[PDB]
Every structure is written in structure tokens, then in C-alpha cells.
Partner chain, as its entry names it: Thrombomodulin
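Shown next as C-alpha cells: one chain only, the form solved without the partner chain.
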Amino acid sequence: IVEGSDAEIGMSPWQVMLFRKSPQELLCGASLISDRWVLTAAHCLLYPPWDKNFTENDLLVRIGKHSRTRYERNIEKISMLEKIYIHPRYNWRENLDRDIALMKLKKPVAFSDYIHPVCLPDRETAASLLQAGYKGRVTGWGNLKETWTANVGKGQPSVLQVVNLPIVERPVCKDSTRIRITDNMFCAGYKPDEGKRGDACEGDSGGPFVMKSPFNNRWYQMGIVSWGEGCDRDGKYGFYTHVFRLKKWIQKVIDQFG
């Protein structure tokens, strides 16, 4: 997370870490939507152009973590994957359309003060909240900046990072890039005139874009960290999987297999 701050403990009890088995390394972020269901981006598991094809036993999910490195014994839970469900029309070849993936845990995880699921938006919440200029919140242990000298130069957070970024007009989003953006994506960040900065970076993908509803004071996941040409560049934006658009699919997957 670029231009971020450390999260408070429990600030994002639904954040999930995707951990690679060998090499023992961080892959991506994700979110907890149920005691046995985890939501993430499809390019975290499958992206052939960079030779990426991760399968169920290739990784594990660490839920309830605060620190990026420390093994948070007795606070975090480590769960293994029963199955991975990647969207059938996920278009990695073109624009990353439908960049979404569900993951069924083998055994249900037990909620704590540090592990709690997020809500998924209904018809109305999507309409009321996903408007240009409203701000949501993005969290992850991703890099603090695009590039940083190998000496010192920070670069990697010690703990989870959090920013609030404003939803940006679809017409502005389409003019920001030459990638064909779709109904399944929405973009967020500050415009260069706005005199403020922030964005996701490498490692934050798959994590959740959330907004707290002003009506029920609940936290809704409106976006999955999807893609961005760089990190916090001026006149560039981060693009997010528009969760409500693909929610009918999320329902089909869980009503069958869950």
C-alpha cells in the first residue's frame, strides 16, 4: 500500500493472506466472507503470461494476521484449501475481466476478535455506495512504493497497511488507460489536481476494497484489488473487481459446492 498507515489491531478482521508453500513467500491478499469461504482475485492463482498456475495444495491461507513476517501464534489461523473456483470467463488474455476467484477452506475457521467475515453488497448498497467521490478502504501487506533500493529504502511494511481512496468516474477511468475497462471493473484513487496520494502496490492484489455503510454501519466489500499500471503514478488509477456485478456467480458457486 502506497501512502498508507499501519492498521490498528482488528481494523480489518476479514483480511486474508495468501501464502506460497515453497518458496515460503507471500502471494496475495484475500477476504473472509464465511466460515469456510474466501474471496480473492483470479490473477493471484492463474496468470499464464507470467507463468503462474497455483493449485489447491500449492498454498495455504493465513487468517487473522497483523504482521507481515512474524508467525502470530494463537492469534492467526492457517487454513488449507479444499477447492479453488476461478471465474469461467476470467479474461487474463485481454483486460483481466472477471478477475475473481472463490476458495473453499477444508475445515471451517472459527471467528475471533481478529477473524470476522465481511458483508457482500446487495442491490441497494451497490447503488447507494459505489458512487464517484465516495471513499473506500484498501488493506494489504504489499510494497510501500514501486521501487526502493535494496540497501534500506523501506519498501516492505512490517504490518498490514490501510488507505482510503475515492471512487473515480468511469469516463475518467477509461481515459486513464488504453486497457479496455468493463462493467466488471471500477477504479479509485486521487486525481493529480486533488493534491493527495495513495494506491495499492505489488502484493495487495486480491485484497478487499471496503466501504462502511452510513445506514447500517456495516462494512461491505465493493472491490477486489485487481490491477494497475504501476503504483501511485500521477493521472493513473487502480482498478478493482466490481464485486456486485459478479455476485450472481459467487452465489452459484456457493449454492452448489458450499
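Residue numbers count along the first chain shown, from 1.
One more form of this protein exists, namely the form solved in complex with the partner chain; it is left out here, but the text below deals with it.
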Fill in: Partner contact for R170 in the deposited complex: the partner chain, 4.5 angstroms, heavy atom
no
Worksheet item: Should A126 be classed as touching the partner chain in the deposited complex when contacts are defined as heavy atoms within 4.5 Å?
Response: no
Worksheet item: Is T55 a contact residue for the partner chain in the deposited complex, using a 4.5 Å heavy atom cut-off?
Response: no
Worksheet item: So in the deposited complex, does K83 come within 4.5 Å of the partner chain, heavy atom to heavy atom?
Response: no
